[PDB]
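> The structure under discussion is supplied below as structure tokens; questions concerning it will follow.
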Amino acid sequence: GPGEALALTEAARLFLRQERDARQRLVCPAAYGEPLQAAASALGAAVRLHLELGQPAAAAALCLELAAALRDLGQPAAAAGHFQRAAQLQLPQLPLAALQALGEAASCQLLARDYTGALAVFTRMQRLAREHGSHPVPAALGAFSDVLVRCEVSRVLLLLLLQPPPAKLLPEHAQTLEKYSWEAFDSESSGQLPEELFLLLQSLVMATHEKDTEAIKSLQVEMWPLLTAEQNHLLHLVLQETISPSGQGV
Amino acid sequence: XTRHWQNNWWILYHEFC
Amino acid sequence: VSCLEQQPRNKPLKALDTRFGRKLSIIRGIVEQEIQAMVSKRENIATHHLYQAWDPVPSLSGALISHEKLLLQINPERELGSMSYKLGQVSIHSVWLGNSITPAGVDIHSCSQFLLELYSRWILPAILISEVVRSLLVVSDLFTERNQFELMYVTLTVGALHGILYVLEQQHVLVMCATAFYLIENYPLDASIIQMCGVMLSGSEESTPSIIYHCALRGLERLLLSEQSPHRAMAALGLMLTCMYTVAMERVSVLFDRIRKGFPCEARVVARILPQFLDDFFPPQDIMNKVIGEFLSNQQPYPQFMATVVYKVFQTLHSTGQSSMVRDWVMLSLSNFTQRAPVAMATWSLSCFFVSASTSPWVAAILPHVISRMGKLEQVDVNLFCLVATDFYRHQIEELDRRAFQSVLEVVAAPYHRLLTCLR
Amino acid sequence: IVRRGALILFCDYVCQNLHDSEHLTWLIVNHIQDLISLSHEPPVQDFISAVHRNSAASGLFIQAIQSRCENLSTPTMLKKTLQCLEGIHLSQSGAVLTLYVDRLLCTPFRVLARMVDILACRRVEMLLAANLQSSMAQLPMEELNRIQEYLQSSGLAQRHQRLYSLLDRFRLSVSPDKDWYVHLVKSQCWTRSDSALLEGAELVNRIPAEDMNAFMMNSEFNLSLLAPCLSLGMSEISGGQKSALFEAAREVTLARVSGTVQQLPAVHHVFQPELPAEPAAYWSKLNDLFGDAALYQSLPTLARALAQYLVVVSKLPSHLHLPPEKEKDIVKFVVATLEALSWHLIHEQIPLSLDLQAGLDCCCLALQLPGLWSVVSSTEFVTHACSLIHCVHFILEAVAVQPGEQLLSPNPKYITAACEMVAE
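One line per chain: the protein sequences are H, S, A and X, in this order.
Numbering (the deposited numbering) for the first sequence: 83 to 219, 256 to 305, 309 to 371.
Heads up: the second sequence begins at 2 in the deposited numbering, then just goes up one per residue.
Numbering (the deposited numbering) for the third sequence: 2526 to 2586, 2591 to 2632, 2666 to 2687, 2696 to 2727, 2782 to 2793, 2828 to 2848, 2855 to 2892, 2913 to 2930, 2955 to 3105, 3107 to 3123, 3127 to 3136.
Numbering (the deposited numbering) for the fourth sequence: 1895 to 2067, 2095 to 2331, 2354 to 2367.
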């Protein structure tokens, strides 16, 4: 019967409370993850059970619980995988729930320093949010419009951090980066973004090409109140990589 | 007098300088 | 300040002491500093500074062993930069070695005499039994100098794998791979693993997790020594290099493609290693065509990284005594250099090329200033090219090639034009 | 709602009554900021389009913007100003171009500096297309010379060469050794430009070892290079070489860290954000120090160098350990940097992310070293330890805690406050 999934998720909540007691509440150095192996096994069984019952939206909820536990327990590279499993299980039936789960995957990739993985997930989000939430039946609906603003700002900062070469530089990236220039149009180009944030992102994409380091320092303090903490971290990484590059070893 | 370079869009190149 | 001691089950690799082991350690160590910076969990580093990796492995016969001496020595079932407790912290060989069994600042021996009595007095004469047996499993890592560790054995009522790994001396996949690599290295005499790990290392970015990828690859990379995404690519380069040092032009073409298709960080790493790889596997007459050709190619995103490679190759020739190629390949190539389309960029490529070719001190040293000004053509950018060309025109080149030099400059003068005011 | 609606309705009336002008001059002279702010409303857009069709009206509009440019400088308002100066009347071209160079271009908002450069270029092209009479009358000799002198005495002529060359188009109507290389590297490394620090470090590494100390200790040397110099020199030390660069950078870092600690008041009091300046003779000196931009930016720049030294000192040769005489001055400098960052939060805004990081890097590493720990854990540093606790708690809440929230949810008084702060 279906009540086996309730027994397995209540058992997993007990094991995850034991792991939270050991790793977060007591902060025991002697912990080695045996309660978490048990939690991942009971939620794995309940996920497969919900899938053979044809309840993929219920399986996705159990993927989100494990992903949240892994993130809270200091394993963000693992949590990103289960957040993407949840998004994949939700997407054909709940597109906005899938965008929530991809947003948590991208946050987990940024914690794991997996910047190219984060760039790909935000690009998938910006594609899906235009596909499912930006139609006349054109401007985005309010819930999807908030996802579009998140992706745009984050992708611009990730592209300024990573600076991909030709053919890694997708049409989706070239097209985003084209908007962050000006030439011939004054006598509304801000799109989904607040106009103050758009002018500072325009200025940042220009100051980074010019390597205008004192302009990037100026823009970083001006943008600080306007960004999320995750986005202020991304902007710090852009300024850091500009003053002292990676891959040089010295 | 700055432009984007043909072989890499993140490289600037110079015409009036 | 501190994390738990580790004493790995694996011993130092013998192959690293050889001629082809020392030069491997330099090149694979550059790739290691970068895999550590890109994917380490950094649990013992609070500060942002990228290249501060260390492992908690003390020397014994004391002071911590340097990370650059611990190449492939840390236990494969530990994810990179994870400093937390696991069932194999200290090897059976280290408790036999450090305490002479061979079958700090605190009285930890008395703490270990205690609990061996008190736990036995509860579990010998089930919740407490399970947590006390857990406590014995953990605290056995500080047992020294005794027959009384065999009190554990007499106190009778992942599975067995963190245990089989002692008897032979995602969590399931990690220890199961670690079991497989340790057998193949130490007990070879009493090929499917080497196949199926290659299958795991050729799944998608999602079907094989990053911590499963990096551990299995470092497992196979240890099996090759001893003669018995940007980060996923950087790890795969390590496996290629250890093979190259333990068809050669195919194995270099993939590196030049790594520079052309890679992110700037990934490309900058490959451009640091490429000079020594070329010297270790090719004669410089065969190098010189590819390295100039890939500085000039239109499928080259990173001229400023290539400008450091063709400096190592020219400075190697200019110091090994084959000083002919640092004129002959300059004169061969200066038609291609002068005729590239964007003028400030083409002039800047030649300023690098002549700086790299130079005779003297100082003009060999000025290269970071030239690499700084990439794409510019102000008064100082033309004036440097005039000076640097006048160094080459005096101290290198015979009148027939000196007329060839004049002829190729005249073919573009129609910043090149003001050379004709100082070449005469 | 009434303030804006009343102006919009009055613009609609003046636009229907353009046969007389007394109401048009009032609206411009008194409401220029509101006309610009509301320029997207149809009647105000039509009124802007009417001001574009009279020379005196466009002249009054430029004079009104010149008279409020210090409040139009915010990005949205500056964009709206430029949208209201595109299409302005042809006879006012020298006036609006004079506005564009005198008050704009200098803004850190690089998109608006490009917008105004393009509009400045479009106006010189209109002056080149017009007759010599009625173009030269809009900007004569001397006036054009003051524009070009300003563009060349600022950096603007080099940064906006299309404008500068259009103004010229209108106006017409051999290789020494060390003593050259040191001068060339001085040109890059004795100025406050952070654009090429790894290349600057490589260049100063090839100054010969005896001249490095004078080259670095000079007052014009870029302090941003000290952290790069320490980081580069550590690559030589970790290869088993002596590093003249690491040694020079170590002595200059410690000499500067010690030297700025002498500027501090002799007697130290706990930094408390809630209500400063009761002992006004102390706090007025801290305002004179921490408010001076030449002192304030020296601290996180030196803290970057100091943190780069303190993260390596555990794996250095014993010759390069912290001198025991410097251990008090390092603790004093670390405290003064956390205090300076806290003072910048109170009086200005968030410090620069790298500067917050530099101060917190030093604090973190100074508490990890057992010698520096022994200084700050001593009785005579009780007010310094209390400053560290107060500054860190203040920085944590100023970043993490919104107004109306708390950090947690479901024996002078400063010592007891320092206890409660560390416990939460």
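Note that CB positions come from ideal geometry on N, CA and C, so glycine has one too.
Along chain C, in chain order, which residues have C-beta atoms closer than 7 Å to that of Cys2285(X)?
The chain labelled as chain C is not found among the protein chains of the depicted structure, namely H, S, A and X.
> Quick check: what's the CA-CA separation for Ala2165(X) versus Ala2224(X)?
21 Å
> If you draw a straight line from the C-alpha of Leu276(H) to the C-alpha of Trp11(S), how long is it?
14 Å
> So what does DSSP say about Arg3111(A), is it helix, strand or coil?
DSSP places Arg3111(A) within a helical segment (H, G or I) once states are collapsed to three.
> If contacts are defined as beta-carbon pairs under 8 Å, then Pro2972(A) and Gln281(H) qualify, I think. What distance do you get, rounded to the angstrom?
5 Å
> In this structure, how does DSSP classify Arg4(S) when only helix, strand and coil are distinguished?
strand
> At the 7 Å Cβ level, is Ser189(H) part of the contact set with chain A, yes or no?
no
> Label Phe303(H) either buried or exposed according to how many other C-beta atoms from any shown protein chain fall within 10 Å of its C-beta, with 16 as the threshold for buried.
exposed
> Measure the C-alpha to C-alpha separation of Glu2326(X) and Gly163(H) and round it to an integer number of angstroms.
One C-alpha to the other measures close to 34 Å.
> Relative to the C-alpha of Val2708(A), which residue among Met2722(A), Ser2550(A), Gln3008(A) is closest?
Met2722(A)
> Would you kindly work out how many angstroms separate the C-alpha atoms of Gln2323(X) and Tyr14(S), rounded to a whole number?
Computed Cα separation, rounded: 46 Å.
> Per the contact definition of three or more C-beta pairs closer than 8 Å, is the region 2236–2250 of chain X in contact with the region 2189–2207 of chain X?
no
> For the 8 Å Cβ check, are there 3 or more pairs between the region 3017–3028 of chain A and the region 3082–3097 of chain A?
Contact between the region 3017–3028 of chain A and the region 3082–3097 of chain A is absent: fewer than 3 CB-CB pairs across the two stretches fall below 8 Å.
> Measuring straight from C-alpha to C-alpha, what distance separates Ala187(H) and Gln166(H)?
6 Å
> Give every residue of the same chain whose Cβ lies closer than 6 Å to the Cβ of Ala194(H), excluding the five residues on either side of it in the sequence, and list them in chain order.
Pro158, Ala159
> Mind listing the chain S neighbours of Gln3008(A)? Cutoff is C-beta to C-beta under 7 Å, in chain order.
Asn8
> To the nearest angstrom, report how far apart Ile1926(X) and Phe17(S) are at their CA atoms.
37 Å
> For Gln2532(A), which of helix, strand or coil comes out of DSSP?
strand
> When you compare the CB of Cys3060(A) with every CB in chain H, is at least one pair closer than 7 Å?
no
> So what does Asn9(S) bridge to, in DSSP terms?
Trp6(S)
> Alpha carbons only, please: which of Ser189(H), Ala169(H), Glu101(H), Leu173(H) is nearest the one belonging to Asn353(H)?
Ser189(H)
> Closest to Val3063(A) by C-alpha separation, out of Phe3100(A), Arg2544(A), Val2556(A), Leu3109(A), would be which residue?
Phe3100(A)
> For the 8 Å Cβ check, are there 3 or more pairs between the region 1996–2012 of chain X and the region 1952–1969 of chain X?
yes
> What does DSSP give as the partner residues of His15(S) in its beta bridges?
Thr3(S)
> Please list the segments of the alpha helix (DSSP H) lying wholly inside the region 1903–1975 of chain X, counting only runs of 4 or more residues, in order along the chain.
1916–1931, 1936–1945, 1949–1960
> Assuming contact is defined by CB atoms lying nearer than 7 Å, are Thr2174(X) and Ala2135(X) in contact in what I supplied?
no
> Taking C-beta pairs closer than 8 Å, name the residues in chain X that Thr3098(A) reaches, listed in chain order.
Within chain X, the residues near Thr3098(A) are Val2095, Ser2096.
> Distance, Cα to Cα, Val2782(A) vs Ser123(H)?
12 Å
> Do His2915(A) and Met2563(A) have their C-beta atoms within less than 7 Å of each other?
yes
> Count the other CB atoms within 10 Å of the CB of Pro3076(A); is the residue buried (16 or more) or exposed (fewer)?
Answer is buried; the Cβ neighbour count reaches 16.
> Kindly confirm or deny that the region 2547–2564 of chain A and the region 2978–2991 of chain A touch, where touching means at least three C-beta pairs closer than 8 Å.
yes
> Using a Cβ-Cβ cut-off of 8 Å (strictly less than) and excluding sequence neighbours within five positions of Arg2886(A), which residues of its own chain qualify?
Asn2535, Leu2538, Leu2601, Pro2605, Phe2839, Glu2843
> Within the 7 Å Cβ cut-off, does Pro2992(A) reach chain X?
Answer no: the Cβ-Cβ gap between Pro2992(A) and chain X never drops below 7 Å.
> Check whether the Cβ atoms of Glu92(H) and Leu118(H) sit closer than 7 Å, and answer yes or no.
no
> Using a Cβ-Cβ distance under 7 Å, would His330(H) count as near chain S?
yes
> Verify whether the separation of the beta carbon atoms of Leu321(H) and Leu340(H) is less than 7 Å.
Cβ atoms of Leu321(H) and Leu340(H): closer than 7 Å.
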